[PDB]
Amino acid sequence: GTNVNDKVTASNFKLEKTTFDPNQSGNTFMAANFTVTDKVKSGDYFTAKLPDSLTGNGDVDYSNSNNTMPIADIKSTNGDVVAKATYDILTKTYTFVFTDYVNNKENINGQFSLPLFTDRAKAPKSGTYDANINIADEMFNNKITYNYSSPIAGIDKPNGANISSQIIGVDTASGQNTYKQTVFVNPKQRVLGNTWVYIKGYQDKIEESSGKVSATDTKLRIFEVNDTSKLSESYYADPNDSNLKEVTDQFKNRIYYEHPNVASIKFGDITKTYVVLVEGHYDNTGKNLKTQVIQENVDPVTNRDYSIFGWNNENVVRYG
């Protein structure tokens, strides 16, 4: 079919909320009505384009589903399906493809409501961004504000343990059941001694998380950060960023899977912040993916003042 954006008009455009914390499952929604001005055929389609600051998928990853996010059918005013929808992760564009519905009608009216999330990579810092959305070649302007919970967290002492992390991608569609997680080791960039980091596939009870952390289920890459002030708030981290120096090879025989569902990492005495990128898997029990990372250390000078900090992750799913 043909692109029929000039034949479709969106109205009553609404954004549920303009300010939120994407590190606390903050998201928003967009709702609009549309009407087909002219007659169109089955197969014809119209689109919506998100701006740089937004994504239609958030922390759900569709890279194993051809980078294409399936969307719930779009309905007429009358409750029947007018269009089947698809979201393209790469171009951040929804494509609404008219069904046979449209073949015997005129004056077709529909509406949709779709969740919207931050783009962790293009809005990596707290602040305000242009959230201008394009629907059927028309602009609907907004301002988005992200108050990210700071990744810089830890015991409040110059030599205290400090660590955080965020699950930034979960593949719930393909059946492969993968997840990507960023861990910031020592984000306060303190001088710490005998530092250990534990990446757990669960929080307090093994049976309560679908996480699966092991030598066969998990891959880790470790980066020494050069300038900590460049690090994101969104937990996005580019493994090819020149601000990151890969040291995975140095940790080759310093990562242990001595315990179930747990990756132990021996950092030792450190004075720089690290990024640990985790690619993992979760099981088929239908339990939530619930993780916890823990860093422990002592004062590098007195070998006393033991300290330990934990950080929990879990994600939520929204519907349109």
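Start at 1 and count along the sequence shown; that's the residue number.
Of the two stretches examined, 272-280 and 285-293, the record assigns the greater average C-alpha temperature factor to 285-293. Averaged over their C-alpha atoms, the temperature factors of 18-26 and 298-306 are higher for 298-306. As recorded in the entry, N67 carries the highest CA temperature factor of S264, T47, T55, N67. Annotation for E138: C-alpha temperature factor in the highest third relative to the rest of the modelled chain, per the entry.
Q250: CA B factor in the highest third of modelled residues in this chain (values from the PDB entry).
Looking at the C-alpha B-factors along this chain, the one for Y129 belongs to the highest third. The PDB entry assigns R120 a C-alpha temperature factor belonging to the lowest third of its chain's modelled residues. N103: CA B factor lies in the highest third for its chain, per the PDB record.
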